[PDB]
Every structure is written in C-alpha cells, then in structure tokens.
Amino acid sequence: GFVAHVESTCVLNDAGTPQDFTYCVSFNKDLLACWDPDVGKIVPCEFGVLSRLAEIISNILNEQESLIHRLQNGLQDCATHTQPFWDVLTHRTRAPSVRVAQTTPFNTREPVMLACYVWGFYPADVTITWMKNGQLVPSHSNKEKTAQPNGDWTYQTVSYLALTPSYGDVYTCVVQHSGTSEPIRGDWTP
C-alpha cells in the first residue's frame, strides 16, 4: 500500500532562465533524499524512523554515473527541456468573463446578495472590486475564494456583496485580470 515519488522540480523565471533544481526520492509520504549541487551528491533528509533507509537510497543513487551526471547537468537541461514551449506557457492567456446576478443571502440580513461570476480565465491571478454608483465599496462580507482550478487550464471564482435595493442604485463588479489590461465590468440595478 506504499507509494514512492521520484520528484524533480525545475524552477525558472520568465524568458527561460533556470533558477533552481532538485531531485528527491520519497517513500510513503515521508521524504528521503535530495540532490545537493553544492556537495555534488545526493544527500539524505528526514531522519525519521526511516533514517536508516535514507542513507541507503542515496548511496545507491550516488553510485550511478548516469544519474549523478544527469543531475549535475540539470539546470542546462531545464532550459532546453522547457524552451520549445516556455514562451507559449508564460505568455498564454484566456480573458475572464463576468456576469452579475443575485443569489439567496449567505451571511447577513440585507435583503439582496449580489454574486459576481468571473470565469474562464488563465492564469489564476485576478482582482475583483465592487462599485455602488461609480463609487468603490470597501470589504464587509465581500468574501470570494482563491480562483478554483478547472483542470481545463482555466479558472473561475465568485465575489459576493450584500446590499439594500434603492432604485437609481447601480452596482458594478470590476475585474482586472493579469491577462488583460482592459478591466471587465458587469452592472446590476434594482
């Protein structure tokens, strides 16, 4: 019933510059060993009940010309490996869509609860702000979430705002997505 991971994370900034690199073996959810480019070898970690196992794992991995030389080179691979598509990824965006509607009251007594539906965007970074008659409205029950992933390589989230209907009032949800300079808006009147 056990599980093992041979994880290798590659961190890079925009353009395509490698910034960090690791290789780590981990049995069960406990972590065993990670490479250390300083020492040049695969060094153990989590000296738990499995401290013993840790030493071994690394030794074995250490006595492998290929692996060590694979790791050593690492960062240089990271570039080539990612390069062909890195531009696409770092610069691929899907603009969000917004729709405002009213929904059954969550927390609070106000007779109307507005819900701003922002969906279909990438990356996940986005900011929602509300406006009452062109006026910014500070947060009080303005509870959102943290952009839910769809796995569809898109994201969505929702913003709530409680209020009292007075004709002539216009509410607008403003959304600025890091993938579009054009802030999106959706208004709602009683």
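Numbers for residues come from their place in the sequence shown, where the first is 1.
Look at the C-alpha B-factors of 88-96 and of 114-122. On average they run higher in 88-96. The mean Cα B-factor in the deposited entry runs higher for 14-22 than for the other of 169-177 and 14-22. Looking at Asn28, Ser58, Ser139, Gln148, the one whose CA carries the top B-factor in the deposited record is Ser139.
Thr154: CA B factor lies in the lowest third for its chain, per the PDB record. When the CA B factors of the chain's modelled residues are split into thirds, the value for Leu67 lands in the middle one.
When the modelled residues of the chain are ordered by their C-alpha B factor, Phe47 lands in the highest third. In the PDB entry, a CA B factor belonging to the lowest third of its chain's modelled residues is recorded for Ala33. Compared with the other modelled residues of the chain, the Cα B-factor recorded for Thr129 ranks in the lowest third.
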